[PDB]
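Below, in structure tokens: the form deposited in one PDB entry, a single chain.
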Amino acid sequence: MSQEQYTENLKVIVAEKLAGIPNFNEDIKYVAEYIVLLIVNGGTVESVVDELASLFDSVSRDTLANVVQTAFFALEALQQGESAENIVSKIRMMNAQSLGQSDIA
């Protein structure tokens, strides 16, 4: 392979925004892989937003640009030394609240 360690760490940060979007319930883990693939190709929000909009043109362009923006910042944080598993802990708690009904007293 060429850049998988960055794709595995970037895929976690990319999912943090896709899983957080309120209009993103299905195709959320598979959509981050294509976002990282565009980031690995070069990292151009214009070409990365136009490529994601061509396949995902149902949600407002701002929602797609929001996930590409967090992947660009993640590339700079990953190059210095950041952790992606810690972000999943916040998504697991936020994702459980979205589907956590009939669980109170």
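Note that residue numbering follows the sequence shown and begins at 1.
Below, we refer to the form solved in complex with a partner chain, which is not included among the displayed structures.
The closest heavy atom approach of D27 to its partner chain in the deposited bound form falls within 4.5 Å. Residue contact with its partner chain in the deposited bound form: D50 places no heavy atom within 4.5 Å of it. Of the heavy atoms in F72, none are within 4.5 Å of its partner chain in the deposited bound form.
In the deposited bound form, at least one heavy atom of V31 sits within 4.5 Å of a heavy atom of its partner chain. Note on the partner interface in the deposited bound form: the residue among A65, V59, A77, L55 having a heavy atom within 4.5 angstroms of its partner chain is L55.
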